[PDB]
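Visitor: no letters, just coordinates:
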């Protein structure tokens, strides 16, 4: 499957793509304002994620640091990034169907649209000013708006027992971005697309 990753933000982002134990494609690249990066994701990929990283410094070997979404200091991510990270999540070719969603379970750093470029399903977006409106206790110094699990590490926010409810903090994310997951047991906002669809992820869509 092809994903075109587009940076419409006015600032540089460092895109990342991983399935948690391996890179997808090259795993990461710098995207200046307006740049597009096309990656190929193997069919059958389960549990893939794409995110943006902000305020990164990398040396010649591709080693460095980012203020949001750092993936163990590497330009080319093999593992998932440090919150806060708005996430585009996907599982491809799962019994004939692809499943896509956007998630704020690991917080929010950059607004995002995640849409098919082929026919037969709808896209999803979270493009509100979550950082500007972020509750004081969730604001990340480096930028972004952390989720409450990351900040407080309780069973209720992390849904550790498999039982949890919405919270004042999850409801903040949900109010601003209804079509994104706000906590682990949120009513799913997953979209079902035809197997083998292609997609575009746009940072700062509006």
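Guide: It's in. Residues are numbered from 1 along each chain as shown.

Visitor: excluding its backbone neighbours, what's nearest the residue positioned nearest the centre of the chain?
Guide: Taking Cα atoms, centre = their mean, the centroid of the chain lies closest to residue 87, which sits 1.3 Å from it. Nearest residue to residue 87, sequence neighbours excluded (Cβ to Cβ, 6 or more residues apart in numbering): residue 103, at 4.4 Å. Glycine gets a C-beta too; all of them are placed from N, C-alpha and C.

Visitor: ok, the one you found - contacts?
Guide: Residues in contact with residue 103 (Cβ atoms under 8 Å, 6 or more residues apart in numbering) are 86-87, 89, 180-181.

Visitor: do the same with residue 74
Guide: 27-28, 62-63 are the contacts of residue 74 under Cβ under 8 Å, 6+ apart.

Visitor: quick one: which of the residues you listed sit in strands?
Guide: 27-28 (DSSP state E).

Visitor: most neighbours, which of the contacts of residue 74?
Guide: Highest neighbour count within these, by other Cβ atoms under 10 Å: residue 28, with 28 neighbours.

Visitor: tell me how far residue 32 lies from residue 203.
Guide: 12 Å (Cβ to Cβ, to the nearest Å).

Visitor: for residue 70, same thing?
Guide: 17 Å.

Visitor: who has more neighbours, these two?
Guide: Per other Cβ under 10 Å, whichever of residue 70 and residue 203 has more neighbours is residue 203, with 26 against 22.

Visitor: the helix ranked longest in the chain - contacts with which helices or strands?
Guide: Across the chain, the helix with the greatest residue count (assigned by DSSP state H) is helix 168-176. Helix 168-176 sits against helix 130-133, with contacts defined as 3 or more Cβ pairs under 8 Å, 6 or more residues apart in numbering; DSSP states H and E.

Visitor: what's the helix or strand for the residue lying farthest from the centre of the chain?
Guide: Using Cα atoms, centre = their mean, the residue of the chain lying farthest from its centre is residue 60. It sits 26.2 Å away. Following DSSP states H and E, there is no helix or strand that holds residue 60.

Visitor: distance of it relative to residue 75?
Guide: Taking Cβ to Cβ, one finds residue 60 at 10 Å from residue 75.

Visitor: what comes up buried for whichever strand in the chain runs longest?
Guide: Secondary structure of the chain per DSSP E: the longest strand is strand 48-58. In terms of neighbour count (16 or more other Cβ atoms under 10 Å), strand 48-58 has its buried residues at 48-56, 58.
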